[PDB]
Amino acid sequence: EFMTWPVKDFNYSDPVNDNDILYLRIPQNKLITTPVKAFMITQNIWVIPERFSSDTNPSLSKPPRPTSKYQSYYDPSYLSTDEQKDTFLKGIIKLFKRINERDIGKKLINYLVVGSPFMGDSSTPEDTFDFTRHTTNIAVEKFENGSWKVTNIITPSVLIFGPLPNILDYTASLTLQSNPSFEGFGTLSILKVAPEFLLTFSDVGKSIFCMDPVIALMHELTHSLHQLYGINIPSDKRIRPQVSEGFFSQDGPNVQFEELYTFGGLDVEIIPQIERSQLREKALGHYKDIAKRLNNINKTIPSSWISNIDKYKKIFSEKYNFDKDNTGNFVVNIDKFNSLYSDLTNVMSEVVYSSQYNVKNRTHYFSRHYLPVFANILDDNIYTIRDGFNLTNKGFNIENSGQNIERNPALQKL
């Protein structure tokens, strides 16, 4: 047996309870300017069945610009009804239970739960925890006497929204001065996913397969992992996995370091070893910074929240895997740092998940896609927690044939 965080069942219609079903204000979502109903399916992991856009003038319609025939899909009405929001909630729940099917996923989920973003950033004085930042806090609101008001905060790890205007787009958000997600402190992670809408790839018409939505979700949660542990590499940093290649260069896509690390495998080595070593020693330096901070904290923001100091010294010293020295000071044990960093940036990667879950998956991050598909993953005759699409039905357990577009009538054209 291996330690497993429980995943709670919910109906969209279940009443708010001031515990794990709440109304939250999420200002980062420019498409919605009012509080929205949210469900804590596992500690610090909240599902928010709403569309998302951080665009200034947001619209869910197909824009008048280039879009991919294979990697984009638009439907402004999707996730507008309570039925669809129930379906979405139950879909994420089901995928989390499927994540828990392997110890690698159980460990991923634990890392997210215990990975709370730091109470502070580089502007924060060393002796101070700041409890007031939107990198850690989301507001809880209640509708009282005809209007909404803020009543409390939560400190989540991950918020799981429904999709962007492009329902197929799971890629890491462009960060994106002060960058806590790259400076050890970390930040809460906001995901935008759509588990019934699936990209396709070829294992080279008969060679075309759908991505298992648990793999897509886990890829996204691997981004969350990086963000929470403050090692998310800026979308700035890219490399062409080709390339030149000589006289008739040049480059295919410029792929983000963050994406290569999240996908994993041998393509990571496209990034020069010196740059990869520099990313690790950066993290190490930040983690050591945070150890020092825990040793020195004696005051808070707000000033009156001092009784939370000891609670959070324990939360963060556990998150970062610090030791004590003989003087009772937290220190970075380099071996424990190496193990955590290697888990975060190597063990937790898409190609490892594809192996561990007995699913077919794309060969490379930058592998091509084919026509996308749709599936009702809540029907256990189509998709189960134990087996995904690769059910014993019709022999779909053989050679991942459940994921094969031509073989499986349940994988519907979009």
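A residue's number is simply how far along the shown sequence it sits, counting from 1.
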Gap size between residue 309 and residue 310, counting deposited residues with no coordinates: none, 1 to 3, 4 to 9, or 10 or more? none
With respect to the deposited sequence, is there a break between residue 204 and residue 205 in this entry, and if so is it 1 to 3, 4 to 9, or 10 or more residues, or none at all? 4 to 9
When the C-alpha temperature factors are averaged for each of 241 to 249 and 76 to 84, which stretch ends up with the higher value in the entry? 241 to 249
Between 342 to 350 and 54 to 62, name whichever shows the higher mean Cα B factor according to the PDB entry. 54 to 62
Compare the CA B factors listed in the entry for 219, 94, 107, 336 and report the winner. 336
Options 100, 189, 171, 128 - largest CA temperature factor per the record: 171
Using the temperature factors of the C-alpha atoms in this entry, rank residue 328 within its chain: lowest, middle or highest third. highest
If you rank every modelled residue in this chain by C-alpha B factor, which third holds residue 29: lowest, middle or highest? highest
Taking the entry's C-alpha B-factors for this chain, is residue 296 in the lowest, middle or highest third? middle
Taking the values exactly as deposited, rank residue 283 by C-alpha B-factor within its chain and report the matching third: lowest, middle or highest. highest
Residue 176: C-alpha B-factor third of its chain, per the entry, is the highest
